[PDB]
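For reference, the structure is listed below as structure tokens.
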Amino acid sequence: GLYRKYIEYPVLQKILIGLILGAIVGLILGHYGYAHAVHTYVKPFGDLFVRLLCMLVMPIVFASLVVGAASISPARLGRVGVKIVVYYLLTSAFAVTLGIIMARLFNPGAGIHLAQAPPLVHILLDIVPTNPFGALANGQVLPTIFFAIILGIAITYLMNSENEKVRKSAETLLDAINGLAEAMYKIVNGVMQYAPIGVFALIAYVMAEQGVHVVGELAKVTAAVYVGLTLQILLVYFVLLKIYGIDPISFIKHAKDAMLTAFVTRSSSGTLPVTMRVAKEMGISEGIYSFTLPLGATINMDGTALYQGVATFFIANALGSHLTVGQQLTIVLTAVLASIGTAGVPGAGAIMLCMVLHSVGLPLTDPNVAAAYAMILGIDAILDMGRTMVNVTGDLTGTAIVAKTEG
């Protein structure tokens with residue numbers, strides 16, 4: 001069947017064919033005068049994709065962090081877990097200040113001109129929600145991050161209670177929330193199946209209404225991701241191995257297969273048996289990598305910082321505004337903190353792009369924001385490839401360092 005042949009086709013080879021045929025059609029219709037037809041006919045096939053991406057940002061964020069923070073064992077994270085969560089806190093501080101520097105050296109969105117701050121004691125006091133249901137009903141991503149982590153921790157204090165009724169009740173609540181999380185992981189597969197038509201429509205009406213300087217500046221955001229990404233490999237992981245004695249040249253020759261696997265499959269959780277194979281081939285003992293790789297699958301803020309350091313700068317310069325370094329540090333550190341614990345799930349790109357509109361602060365009713373937010377939702381697939389690639393090699397680096405220290 002034709003529908004079965006269309007679904008059976010792989011997704012990463014489908015969004016790219018959607019994107020190329022979007023850009024070509026939007027150029028050859030944007031030049032030939034037929035452009036008001038695109039905004040009335042093709043644009044609602046992309047607006048539904050933008051709404052489908054924002055439909056599932058909140059149940060993923062709640063039901064993923066509850067079932068994630070209810071997996072924390074306080075006796076498992078004794079010595080190796082502390083070294084890991086100090087390592088990722090060190091590497092995230094390099095990734096933020098390198099994704100900001102590479103967004104500053106490039107100018108993503110300089111010539112796509114289409115055409116008020118709370119204090120630091122207010123944001124950290126607005127993290128705590130006054131109403132958790134009201135934090136879910138509104139947008140309020142970071143309050144439901146906080147309430148989800150608190151509810152996730154407070155269940156494992158009940159599941160090992162001396163009682164049985166509260167233990168059975170806590171198990172049933174955790175299983176219901178885990179079922180909601182798996183349902184929202186199953187929905188994102190159908191949304192990504194719809195994604196070629198949506199990316200086609202979005203980039204088609206963008207190239208139709210603007211022209212060729214969109215692809216001129218869109219071959220700049222991808223460049224500012226990727227040359228900051230390889231630089232974050234060569235200036236962080238290549239020196240963190242050379243400090244701890246392990247030669248980084250043979251490290252890449254070992255981890256090339258896991259890097260290419262994570263590049264193609266576009267998901268760090270799925271490429272885990274390939275990733276543990278390289279860890280076994282590098283002489284790392286079973287317990288070490290068996291603990292650290294499923295931890296680095298979930299909590300690893302390396303690619304998200306490199307993406308949102310340049311995506312927020314592009315969505316700010318494309319909208320006409322202008323940002324300083326101390327004014328965008330407090331936005332990059334907000335988006336990265338909002339995407340915590342939810343970067344290895346299949347719904348990571350949804351939250352990474354929904355924390356861009358909340359980074360601007362303008363709704364999706366104004367046509368200038370909706371014409372610049374689609375421009376990054378076009379190339380999020382090409383960015384997600386390198387994002388997963390730099391996540392997986394960072395996982396391998398943090399396993400190798402801790403294994404060298406323990407051995």
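Note on naming: chains are A, B, ... as they come in the structure tokens, residues start from 1 per chain, ligands start from 1 in the order shown.
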
Compile the contact shell of region 36-40 of chain A as a PyMOL selection string: residues with an atom at most 12 Å away, counting only C-alpha atoms, same-chain residues fewer than 5 positions apart removed. chain A and resi 22+25-31+45-47+200-210+367+371

Alpha helix (DSSP H) residues, from DSSP on the backbone, in region 103-340 of chain A, as a count of residues only: 176

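Candidate residues A:229, A:42, A:2, A:333 were compared for distance to residue 123 (chain A), and the nearest is A:333, using only C-alpha atoms.
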
Name all residues at most 10 Å from residue 169 (chain A) (count only C-alpha atoms; drop same-chain ones fewer than 4 positions away) and give them as a count of residues only. 8

When you look at residue 117 (chain A) with a cut-off of 12 Å (counting only C-alpha atoms), what residues show up, excluding the ones that are within fewer than 6 positions of it in the same chain? I need them as an MDAnalysis selection string. chainID A and resid 123 327:328 330:331 359:361

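Minimum distance to residue 69 (chain A) across A:118, A:152, A:228, A:129 (counting only C-alpha atoms) occurs at A:152.
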
Near-residue 346 (chain A) list (10 Å; only C-alpha atoms; drop same-chain fewer than 6 positions) as a ChimeraX atom specification: /A:60,184-189,192,266-270

Keeping only N, CA and C atoms, write those residues as a PDB file, in the first residue's frame.
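Result written to out-v4.pdb:
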```
ATOM      1  N   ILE A  60       4.861  15.673  28.532  1.00  0.00           N
ATOM      2  CA  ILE A  60       6.206  15.108  28.493  1.00  0.00           C
ATOM      3  C   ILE A  60       7.037  15.626  29.656  1.00  0.00           C
ATOM      4  N   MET A 184       2.773   9.591  25.832  1.00  0.00           N
ATOM      5  CA  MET A 184       3.297  10.779  25.171  1.00  0.00           C
ATOM      6  C   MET A 184       4.607  10.519  24.436  1.00  0.00           C
ATOM      7  N   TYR A 185       5.315   9.430  24.737  1.00  0.00           N
ATOM      8  CA  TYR A 185       6.414   9.020  23.869  1.00  0.00           C
ATOM      9  C   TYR A 185       5.918   8.345  22.605  1.00  0.00           C
ATOM     10  N   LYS A 186       4.775   7.672  22.663  1.00  0.00           N
ATOM     11  CA  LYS A 186       4.199   7.074  21.467  1.00  0.00           C
ATOM     12  C   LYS A 186       3.557   8.095  20.540  1.00  0.00           C
ATOM     13  N   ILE A 187       3.032   9.194  21.072  1.00  0.00           N
ATOM     14  CA  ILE A 187       2.417  10.239  20.256  1.00  0.00           C
ATOM     15  C   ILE A 187       3.453  10.995  19.425  1.00  0.00           C
ATOM     16  N   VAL A 188       4.659  11.185  19.972  1.00  0.00           N
ATOM     17  CA  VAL A 188       5.679  11.963  19.274  1.00  0.00           C
ATOM     18  C   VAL A 188       6.201  11.212  18.053  1.00  0.00           C
ATOM     19  N   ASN A 189       6.019   9.891  18.000  1.00  0.00           N
ATOM     20  CA  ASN A 189       6.381   9.147  16.801  1.00  0.00           C
ATOM     21  C   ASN A 189       5.429   9.465  15.658  1.00  0.00           C
ATOM     22  N   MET A 192       6.236  12.999  14.474  1.00  0.00           N
ATOM     23  CA  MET A 192       7.419  13.024  13.621  1.00  0.00           C
ATOM     24  C   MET A 192       7.170  12.304  12.299  1.00  0.00           C
ATOM     25  N   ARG A 266      19.765   9.617  15.443  1.00  0.00           N
ATOM     26  CA  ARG A 266      19.253  10.880  15.973  1.00  0.00           C
ATOM     27  C   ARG A 266      18.649  10.763  17.372  1.00  0.00           C
ATOM     28  N   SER A 267      19.067   9.761  18.141  1.00  0.00           N
ATOM     29  CA  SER A 267      18.539   9.552  19.484  1.00  0.00           C
ATOM     30  C   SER A 267      19.587   8.860  20.337  1.00  0.00           C
ATOM     31  N   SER A 268      19.927   9.477  21.470  1.00  0.00           N
ATOM     32  CA  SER A 268      21.003   8.956  22.304  1.00  0.00           C
ATOM     33  C   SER A 268      20.561   7.721  23.071  1.00  0.00           C
ATOM     34  N   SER A 269      19.259   7.586  23.320  1.00  0.00           N
ATOM     35  CA  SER A 269      18.767   6.429  24.060  1.00  0.00           C
ATOM     36  C   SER A 269      18.766   5.177  23.195  1.00  0.00           C
ATOM     37  N   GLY A 270      18.520   5.332  21.896  1.00  0.00           N
ATOM     38  CA  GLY A 270      18.458   4.173  21.026  1.00  0.00           C
ATOM     39  C   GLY A 270      19.820   3.622  20.667  1.00  0.00           C
TER      40      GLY A 270
END
```

Close residues, region 275-292 of chain A itself excluded, 10 Å, only C-alpha atoms, min 2 positions apart in chain, as an MDAnalysis selection string: chainID A and resid 76:77 80:81 84 250:251 254:259 261:262 268:273 294:297 392:393 395:400 402:404 406:407

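Remark: for residue 33 (chain A), the closest of the candidate residues A:161, A:62, A:70, A:211 is A:211 (distances computed over only C-alpha atoms).
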
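Using only C-alpha atoms, the contacts of residue 94 (chain A) at a cut-off of 10 Å, with sequence neighbours closer than 2 positions omitted, comprise residues 88, 89, 90, 91, 92, 96, 97, 98, 99, 100, 232, 235, 236, 302, 305 and 306 of chain A.
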
Enumerate, in order of chain and increasing residue number, the residues of region 161-243 of chain A with an atom no farther than 9 Å from region 107-110 of chain A, each with its shortest atom pair and distance in Å to one decimal, counting only C-alpha atoms, as JSON lines.
```
{"residue": "A:214", "atom": "CA", "partner": "A:109", "partner_atom": "CA", "distance": 8.6}
{"residue": "A:217", "atom": "CA", "partner": "A:109", "partner_atom": "CA", "distance": 6.0}
{"residue": "A:218", "atom": "CA", "partner": "A:108", "partner_atom": "CA", "distance": 7.7}
{"residue": "A:220", "atom": "CA", "partner": "A:108", "partner_atom": "CA", "distance": 6.0}
{"residue": "A:221", "atom": "CA", "partner": "A:108", "partner_atom": "CA", "distance": 5.4}
{"residue": "A:224", "atom": "CA", "partner": "A:108", "partner_atom": "CA", "distance": 7.8}
```

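You will find CA of residue 315 (chain A) at 6.6 Å from CA of residue 372 (chain A).
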
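You will find CA of residue 389 (chain A) at 5.1 Å from CA of residue 263 (chain A).
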